[PDB]
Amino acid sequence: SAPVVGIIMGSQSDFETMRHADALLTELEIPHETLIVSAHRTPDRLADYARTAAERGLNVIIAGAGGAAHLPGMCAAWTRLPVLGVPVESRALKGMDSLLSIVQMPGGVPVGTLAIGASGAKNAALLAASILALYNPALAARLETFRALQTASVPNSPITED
């Protein structure tokens, strides 16, 4: 089945984070593609991918990058699709550089930004699912089940151990 979400990331290194987005889309049965696109090393690839995303039938782009993280923003510059950004944790600044480079977009070109790291990747997939669920009742039901199970799995008290 044809992809409706594209997960893009700057590097193989970033996949340790972005694989969490990929897994969650698979769990919710959302067709997607998962690709490497570097804003700095493959800028013409990025332009083409973003320019053509909507005509290819994509509905949401999830983009992950670290450091001077320009991939999500430049993607948004070239597509009218919703673009969700995942800051990848960086070695020295622990993703603070990633976060600010993604979230602080000037008015006019949005990127919906999620938490630094694996939590953010998981939540980008879930936010993408929330978007798609607006027009897909089967998926809406899967997402409601996911959230109900999440709630039901929280115990009343902690386990005490050594």
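The first residue of the shown sequence is 1; numbering continues from there.
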- request: May I ask you to compare 89-97 and 62-70 by their mean CA B factor in the entry and name the higher one?
  value: 89-97
message: If you take the mean CA temperature factor per stretch, which one wins between 133-141 and 102-110?
response: 133-141
field: Ranked C-alpha temperature factor of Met9 among modelled chain residues, by third
entry: lowest
task: Using the B-factor values recorded in the entry, state whether the Cα atom of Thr34 falls in the lowest, middle or highest third among the modelled residues of its chain.
output: middle
task: Rank-wise, by C-alpha B-factor, drop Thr26 into the lowest, middle or highest third of its chain.
output: highest
field: CA B-factor ranking of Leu46, expressed as a third of its chain
entry: middle
message: Quick check for you: using the entry's CA B-factors within this chain, is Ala128 in the lowest, middle or highest third?
response: middle
